[PDB]
Amino acid sequence: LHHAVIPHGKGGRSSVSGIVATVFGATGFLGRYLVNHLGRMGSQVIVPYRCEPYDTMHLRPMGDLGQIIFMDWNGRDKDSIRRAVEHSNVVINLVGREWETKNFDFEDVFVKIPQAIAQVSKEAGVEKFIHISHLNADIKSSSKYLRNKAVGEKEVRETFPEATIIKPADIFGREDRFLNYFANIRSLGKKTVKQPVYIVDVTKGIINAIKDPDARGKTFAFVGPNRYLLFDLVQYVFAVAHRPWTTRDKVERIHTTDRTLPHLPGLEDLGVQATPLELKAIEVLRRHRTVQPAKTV
Amino acid sequence: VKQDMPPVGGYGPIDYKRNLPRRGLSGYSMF
Amino acid sequence: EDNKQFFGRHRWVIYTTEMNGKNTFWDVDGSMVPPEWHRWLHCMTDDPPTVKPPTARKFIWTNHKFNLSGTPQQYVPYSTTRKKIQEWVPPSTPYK
Amino acid sequence: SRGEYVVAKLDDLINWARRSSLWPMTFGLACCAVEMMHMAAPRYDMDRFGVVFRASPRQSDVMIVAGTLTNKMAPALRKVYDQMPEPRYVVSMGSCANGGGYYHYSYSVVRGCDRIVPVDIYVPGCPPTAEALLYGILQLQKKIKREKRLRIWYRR
Amino acid sequence: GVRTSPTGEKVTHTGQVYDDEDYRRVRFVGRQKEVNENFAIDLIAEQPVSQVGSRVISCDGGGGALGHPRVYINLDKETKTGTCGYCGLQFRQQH
Amino acid sequence: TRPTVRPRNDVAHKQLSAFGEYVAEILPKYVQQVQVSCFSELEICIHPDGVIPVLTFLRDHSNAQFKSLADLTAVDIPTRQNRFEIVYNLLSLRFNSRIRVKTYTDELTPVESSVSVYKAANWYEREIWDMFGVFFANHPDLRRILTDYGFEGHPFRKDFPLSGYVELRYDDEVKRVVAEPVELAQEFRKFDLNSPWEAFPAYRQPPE
Amino acid sequence: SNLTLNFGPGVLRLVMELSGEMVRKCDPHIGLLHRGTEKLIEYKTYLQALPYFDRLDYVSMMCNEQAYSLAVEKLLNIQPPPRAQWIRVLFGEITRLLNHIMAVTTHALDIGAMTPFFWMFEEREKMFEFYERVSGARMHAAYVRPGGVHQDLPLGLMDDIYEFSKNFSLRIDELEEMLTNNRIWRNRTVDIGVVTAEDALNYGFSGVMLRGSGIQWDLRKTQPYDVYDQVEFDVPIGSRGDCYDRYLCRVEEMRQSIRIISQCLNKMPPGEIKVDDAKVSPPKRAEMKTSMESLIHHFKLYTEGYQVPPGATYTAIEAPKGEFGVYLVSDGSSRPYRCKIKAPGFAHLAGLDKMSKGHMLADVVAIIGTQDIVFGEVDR
Amino acid sequence: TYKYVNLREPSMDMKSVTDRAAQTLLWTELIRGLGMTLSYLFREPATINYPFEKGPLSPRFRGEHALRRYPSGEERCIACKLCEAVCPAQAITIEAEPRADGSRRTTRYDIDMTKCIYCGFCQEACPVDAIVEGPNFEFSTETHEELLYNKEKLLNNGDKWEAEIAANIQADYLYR
Amino acid sequence: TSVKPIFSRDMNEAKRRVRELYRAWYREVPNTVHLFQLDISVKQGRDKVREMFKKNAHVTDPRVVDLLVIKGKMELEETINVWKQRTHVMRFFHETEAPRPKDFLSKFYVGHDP
Amino acid sequence: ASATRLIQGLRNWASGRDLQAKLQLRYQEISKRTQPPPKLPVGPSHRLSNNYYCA
Amino acid sequence: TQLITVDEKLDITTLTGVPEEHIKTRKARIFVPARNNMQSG
Ligand SMILES: CCCCCCCCCCCCCCCCCC(=O)OC[C@H](COP(=O)([O-])OCC[N+](C)(C)C)OC(=O)CCCCCCCCCCCCCCCCC
Ligand SMILES: CCCCCCCCCCCCCCCCCC(=O)OC[C@H](COP(=O)(O)OCCN)OC(=O)CCCCCCCCCCCCCCCCC
Ligand SMILES: NC(=O)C1=CN([C@@H]2O[C@H](COP(=O)(O)OP(=O)(O)OC[C@H]3O[C@@H](n4cnc5c(N)ncnc54)[C@H](OP(=O)(O)O)[C@@H]3O)[C@@H](O)[C@H]2O)C=CC1
Ligand code: SF4
Ligand code: SF4
Ligand code: SF4
Ligand SMILES: [Zn+2]
């Protein structure tokens, strides 16, 4: 263990955590709070960004001086991936899209780019690799999202055999597309059961998976503490928000029930208490205001 | 020695009073 | 020069359209002025370096560079000292 | 291709409009504000660059943090930053706004306004001259000039 | 007199270079390591030794008040030259 | 000793010594020391029960008329059991003179507020509450004036550190400016500057 | 009930209790620029503490330099050389022009007259050129030091100060053409912020805040410092205690500052500019590089600093905002034990609540203008 | 030794009362103010054409820091730490050792330009004119750590600006 | 040992003032949660008030608890009047601060602090 | 200084003052940017005798 | 009477605003500093 990466300090902003993290997809919803929680420890965070550098500005106050290194990368360029990962001791993959674009389908975003990042991180000598799948990832799924994300989980597992794969169910937060989707839809109610997980719980689980040596090679399922039907969940969202862009793949995923995987470890096996929705739905949905809690199953 | 000094006779006079020059017609003439 | 102009307007630079590989036809920069002309233009002296040239040194840059911030040629800080504590390296032979 | 040329020309157009109509909200915290007042004074005259003098915070394009950011005012700075419409930029002016400055080791001073807001241009000096602040504003205009918003949108 | 590590990183005049396994090289990725290539230890070795006919010489570094404080250097050792502690110019008694 | 030495004003020294005798004998109930410095400034060191009677005297007596409160100050001296030295600087415009009134308190003894004598004191001793922790009894609105609203401690105490105990940053998770324990990227470098040789033999303290 | 308006974040927080148009209560919340300056001074030498004084009243830099320098020189029992004292009075009155331009023109700008701001800040830019030519900095010069000034005047500076001063009274005349007889400017200032003389003395007011109320008090006259007893000037005295007489007092103080500057340019003596005690002021660089004692003294003054004899002074000047004081306590070491900074704006902004009673909300920005408030010196 | 601003009693004859009534009804001082604004409309403005024209400066100007050399390439800094002792901001951080020829030279010379108060106490404390505060003021950056200068940056600033720094020192050293 | 009081002659008057300050904070917590639009509950804010009162529960000096009541009234005045922002109210809840190691062994693992 | 006499007369009439006699823009009347070198005097303590520091 | 009798030990720890970690885990050292043996003063 090199002398510059020995942890020092009291775990604050100017401290050294000994974590050198390359976070792919750091400019999104999960990457925001992951770079927040890494930078407040005093981690070296490498942010490869695809977007305008303006769109990375909010990542800059999150750490001490020189603790976030921004660099350009392309998903179809292994040289930029190697340029981003070759100094890191952990690589986190947060690359995702809810929709497929002209240049990137679900196979590019969920199979090609994660296998490229995992293979290049394996051949660069990166110790730890964390990949984010979805809880409902299945080969025989009705949505192309979950099919390609199951295929990408399989390829990440077979090219980085010590990768920590994490299954979040439905992540809610201030910049989510789960409660903000339901609050701005003003699609229906069916027999779909969901247990949504809070974003700070997911972030604490990822960072505890960085620090735990027992999390190597594991598959975690990050779920909330309470399973809800879809109908009374959506009615609870319209009740908290004081109310009386989509695609058919998103409709197939909203009407996909969150599966129960008791054989996989969860947030409690990483030392994270899963925050219920009723403590945090007001913090999300206060923006939508111009309450009896939802019934669990 | 050579030093930043005023000239031999000193500087010229410097105005410092109010000079509002009292222009215009009388109040009888302006009506 | 134009000494009939008032003090501040009486000296100016028309910048070059190309400096150190960068097209400066529209992107003129105040840091494009080399230091020998920077005395004259900022009126730190009356004498241009065509009249009173600067003193030649072997270590003065022959090629002036402008402000390189935002480029791949920008300054990145680093500790200039070496490692303070030397760690013990264990022997590469077994102990039996 | 044809669409790449169109989004390149539209990026050049919107970057031209945004850099030639920068409206600043100046946080007049301390001594640096005085020097900002000299960058609006007739010698430098920011208004001839399209940089208006004292735009209101809800229509401004850049926040100039000109002065020492104390702990008692840092939430007010962050609130005014959060009320600025996008695209918003932040120029940090002077040593106390940049890194704490002469009051860096104080109990009551934020060690640089980059702990509170994201900063685009750091203008050094104590105070930086009005000409150095105008240099930083023109460097911000050059930073806006090379933005690639629609090209990255067309490539995503 | 700059040289290069096997990582490709330039070694400063102090001798600073990061190790190969040091993560802090990532700050130069896509950017540059600013070094000064005019090493003062090599440039003062290029100066010739001043042969003087005195036993004690004075050095102020040139320029009078633009140099350093004026020091006096003894030249009784014929094995070693007399080096100025400020500017590194070195002197030898010619006898 | 003409060009570089400050000239001594013996006339003002004699006048301020006579007026210090005057104040000390009119008010012996509270006056503890009277001293005049070598640069001719008069200090009346009083008991803290006489904040109001001395200052009302100097404000209202026909031979004093110290109508202006120039400044009100505390000094923290931790080696004293009454560590805070409350300093009043008064200006008489009638007699063109200045006087210093000094008293003392510890952390727990309240000083009587002098807002009924000088309304100028209203913020100053309020600052003494914020910076030193000296409570002023019968103050109209005594609260903090300079520190942040939730600030713990009194910063101009000499056992309060230079950087504080907390520092602020914007945290984007909670969308809020937060306070955390202070970590400095560079510690303030303490300089031990005092020469071990005596500088002023006139100020030599007698040994043990 | 009555309305409570929290005018949030120089920078100032105001808590107004209004009763319609009228102001019932004005509570100024400050500390938005409290930087703990005078705790930082306790960990620095006297020379190191000097540049904090540039940054208190940051439109009156060399005046606060002069007040701190006079305090340290009083405790050191040394005096500056005569040319240093004349340079200090010259640049103190240039500084007074700077501050009263800032005061009058921003007080007019906040009321709505935006144009003489731009007219007078070019003159202010020329005086910042004078600061930059004498020290190297446009604002925070660090030039007036304990012992004198740091560096002698460059050649040709006094001619340019003469060329400025010869023309500046016409600039005051056209400012006074824009504002003084203007009925809109008189309606915003004549019945506004009336302070009696007894309340101004009792509330700790100083400077124009006393002199607008008719109090014949000026510290350059009554308690004179460096060579102000050798210059001839008048003290403008108000009659009604309002914003308008304080405006006229500041305009006439610009007139009298031009008068003092003419007298300083004509009566500048030759000689040295630091005290020739090299245990206080650093020696010249040519003798530092030649003499052993001078090098030792240079070393010790720039690392330890001079020891100041133990004691406490309250040294005040007539700064352009009023009485600027330093209560400086030395323990015998080369660092100040305590440095309380008395600013005029502190007591003036404390008196804002009495001055604003019975006025409108638009009158409060005029009263905050007539109290020349810079929050650097208010908050330290 | 004092004068009374605004202690004029206005004349109450019909001439002066009619003058004040004509000023009230016919807006005379307002036309005076419009005349003064119209007078500045026809003046040449004070605006210089930045960046093509520059504000005038003196050779004393305190701008960007630089480490200088002797006229042999040997650096002037002999690691005496006077500049960091006098530095009011503690912006200077120095570490030193004997180098390979036994010379007293720095291994670390850092100036945090965001702590720096640009007051020039370092250049006047420097016994060998090594650290100077040069003439550059146009060195704004896009990132905070680009203003944390190490010794390599300061020596490159010296090598960059020495032709100007030496001539500014030549113009001013007799005042020092 | 004869000292001048601040407000309370003994500890009973002091406990009376402590008790009235606790009553005022208990009444103020729901209004504070409402108008600062806090993300905590009223029960959680009242638990924080009880924690801040029980933190000082070991004091037996009447002058010290008089100053504690005075400072609590100052904090309450800064809360009722909107002088604090939401950040100052939420500084009592150290939410972004990671939990410190409590036992010997985790403090041994992370560093040198006792 | 480069204003024509019609604009100069209109400007002097509108201000009511003679503006060309006192121009706020500076011209050749100001000091040269290159000066001769100074020879600064020394203070009273620069003496070789009767100059004991205790006096 | 106007004076109360407090027989308790003087303790101002709840008033100084110091966090508890820097009260009960710190060891103050009270000492006359040793002479720098580089100097005879
Ligand atoms: C087509 C052009 C149209 C515009 C022409 C003017 C353009 C230029 C204007 C420049 C100034 C603009 C300033 C904006 C703000 C104006 C403020 C202002 O002036 O307020 C009004 C001011 C207010 O004055 P005041 O209130 O400030 O003065 C104090 C007055 N007392 C003491 C009574 C309280 O004046 C008026 O109200 C006058 C109104 C217009 C009168 C016009 C003249 C009438 C004369 C009749 C004949 C009288 C003869 C004698 C009697 C015998 C009769 C038989
Ligand atoms: C398929 C191809 C077409 C695709 C769609 C595009 C349609 C046409 C849009 C306008 C033209 C596109 C290009 C815009 C300018 C790009 C070049 C540019 O920015 O040049 C810079 C130059 C000034 O250089 P600068 O860097 O600012 O100098 C610093 C100061 N010394 O700048 C200049 O010299 C001035 C630039 C002016 C820009 C054009 C004029 C304004 C736009 C008019 C049309 C749009 C608005 C319509 C009406 C709106 C309401 C009035
Ligand atoms: N509800 C949820 O949020 C859940 C999310 N997940 C998974 O967690 C991961 C992170 O989620 P989240 O933050 O919400 O997603 P976002 O859409 O908010 O962000 C995804 C990130 O990936 C980047 N990215 C997307 N497509 C590409 C591409 N083609 N090339 C390069 N970069 C690309 C984006 O960059 P840019 O800004 O430039 O587009 C962005 O930084 C995803 O893999 C998602 O599937 C799993 C379960 C639940
Ligand atoms: S960087 Fe300096 S001049 Fe600027 S506001 Fe701070 S203290 Fe004042
Ligand atoms: S100019 Fe002043 S603050 Fe800056 S490095 Fe030099 S001594 Fe330090
Ligand atoms: S004062 Fe000069 S020689 Fe001494 S350490 Fe600093 S730069 Fe080097
Ligand atoms: Zn030498």
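Numbering of ligands and ligand atoms starts at 1, following listing order. Here is how names work: the chains are called A, B, and so on, in the same order as the sequence lines, proteins then strands, and each is numbered from 1. Because only heavy atoms are used, hydrogens play no part in the values below, and waters and symmetry mates are left out as well, while side chains stay in.
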Looking only at heavy atoms, which two atoms of D:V123 and D:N98 are closest? And how far apart?
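The pair with the smallest heavy-atom distance is O-ND2, 2.9 Å.
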
Relative to the ring of [Y], is the ring of [X] parallel (under 30°), tilted (30 to 60°) or perpendicular (over 60°)?
X: C:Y75; Y: H:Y149; result: perpendicular
X: H:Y70; Y: E:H68; result: perpendicular
X: F:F188; Y: D:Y105; result: perpendicular

Protein heavy-atom partner closest to [atom] - residue, atom, separation in Å:
atom: atom 8 (Fe) of ligand 5; answer: H:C87 SG, 2.3 Å
atom: atom 7 (S) of ligand 5; answer: H:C122 N, 3.3 Å
atom: atom 4 (Fe) of ligand 5; answer: H:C116 SG, 2.3 Å
atom: atom 1 (S) of ligand 5; answer: H:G120 N, 3.1 Å
atom: atom 3 (S) of ligand 5; answer: H:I117 N, 3.1 Å

Have H:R60 and H:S58 got a donor and an acceptor in their side chains that come within less than 3.5 Å?
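Looking only at side-chain atoms, H:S58 and H:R60 do not form any donor-acceptor pair under 3.5 Å.
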
State, without any angle test, whether G:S281 and G:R145 hold a side-chain donor-acceptor pair at a distance under 3.5 Å.
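No, no side-chain donor-acceptor pair sits under 3.5 Å.
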
Give the contacting part of [X] toward ligand 5: side chain, backbone, both or neither, where contact means a heavy-atom distance below 4.0 Å.
X: H:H65; answer: side chain
X: H:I131; answer: neither
X: H:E133; answer: side chain

Would D:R19 count as being in polar contact with ligand 2, using the rule that some N or O on each side must be under 3.5 angstrom apart?
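Yes.
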
Can an N or O of D:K145 be found at a distance shorter than 3.5 Å from an N or O of ligand 2?
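It does: an N or O of D:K145 is found under 3.5 Å from an N or O of ligand 2.
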
Could you tell me, atom by atom, which parts of ligand 5 come under 4.0 Å of a heavy atom of H:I92?
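Those qualifying, in numeric order: 5 (S).
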
Taking only heavy atoms of D:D12 into account, list the atoms of ligand 2 that are under 4.0 Å away from them.
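Atoms satisfying the 4.0 Å criterion: 16 (C).
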
Can G:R285 be said to sit on top of H:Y173's aromatic six-ring, NZ or CZ under 6.0 Å from centre and within 45° of the ring axis?
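Not flagged: G:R285 not positioned over aromatic ring of H:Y173.
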
Over-ring placement of G:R35 relative to D:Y103, 6.0 Å and 45° cut-offs
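Yes; both conditions hold, so G:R35 lies above the ring face of D:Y103.
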
Under 4.0 Å from atom 17 (C) of ligand 2, do we find at least one protein heavy atom?
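It does not; no protein heavy atom is within 4.0 Å.
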
Under-4.0 Å heavy-atom contact between protein and atom 35 (C) of ligand 2
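Given the 4.0 Å cut-off, atom 35 (C) of ligand 2 counts as touching protein heavy atoms.
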
Working note: H:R76 + H:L67, criterion side chain to side chain contact (heavy atoms under 4.5 Å, CB included); need CA distance, chi angles, decisive distance, verdict.
CA-CA 8 Å; H:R76 285 174 176 267; H:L67 288 172; over 6 Å; no

Let me check your reading of the structure: within less than 2.8 Å of atom 6 (Fe) of ligand 5, is there an N/O/S atom from H:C119?
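No, since none of the N, O or S atoms of H:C119 sits under 2.8 Å from atom 6 (Fe) of ligand 5.
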
Residue selection (non-hydrogen contact nearest atom 29 (C) of ligand 2) among C:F25, C:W26, C:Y15
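Selected option, by shortest heavy-atom distance: C:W26.
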
Let me know which of C:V33, C:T71, C:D29, C:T24 forms a side chain to side chain contact (heavy atoms under 4.5 Å, CB included) with C:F66.
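Between C:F66 and the candidates, side chain to side chain contact (heavy atoms under 4.5 Å, CB included) is satisfied uniquely by C:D29.
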
